[PDB]
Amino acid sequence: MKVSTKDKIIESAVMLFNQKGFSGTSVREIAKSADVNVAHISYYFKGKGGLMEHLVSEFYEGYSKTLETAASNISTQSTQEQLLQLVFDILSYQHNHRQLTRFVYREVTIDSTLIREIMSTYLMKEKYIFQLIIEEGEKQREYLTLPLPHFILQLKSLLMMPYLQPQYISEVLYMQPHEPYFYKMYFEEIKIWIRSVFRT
């Protein structure tokens, strides 16, 4: 029904952290845009850094939920249709949090013990799930034509492009540079790519 004061603060911090930078916005502007007293921010978050760490911690835990539920489907089906489901889920998760996603990938500062540690956690988990998926892929004659870290780097870099230089994506779907990003359309393009690096 009604949005909690803590949620109002978060919603507002995402929107301004994404517009100006982290160092660009202040607790005061965040409060005024959330129509709450400044005291609420310090009470729930300690301050700007702590508000950032909450936003970054939230993003990566939502991201690794998609990873974990791909681990919980290693049975269901073939490992390439497995992988396509996980790519689809990330493209969708990225878009559903697009303001948060853009900020997390671009924010110029970041680095903050806690954040260096949130990131390390997600990367070890991401690495591990992709071996599992690729391992049971070899309990069937579906094999990567790439080492695993090579595959992950090209995947991760393609997944980030919508939030950095989307125009190149517009160009491959339209030979035009300024069409809006539709992630379901992009998925088709990544799928073709994924298919081209499996051999039977």
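Counting begins at 1, following the sequence as shown.
- Stretch comparison (112-120 versus 92-100) by mean CA B-factor in the PDB entry places 112-120 on top.
- Of the two segments examined, 127-135 and 146-154, it is 127-135 that shows the higher average Cα temperature factor in the deposited entry.
- Sort the modelled residues of the chain by CA B factor and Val87 lands in the lowest third.
- Annotation for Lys2: CA B-factor lies in the highest third of the chain's modelled residues.
- Ranked against the other modelled residues of its chain, the C-alpha B-factor of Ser33 as given in the entry falls in the highest third.
- Among the modelled residues of its chain, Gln165 has a C-alpha B-factor that falls in the lowest third, as given in the PDB entry.
- Per-chain ranking of the deposited C-alpha B factor places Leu159 in the lowest third.
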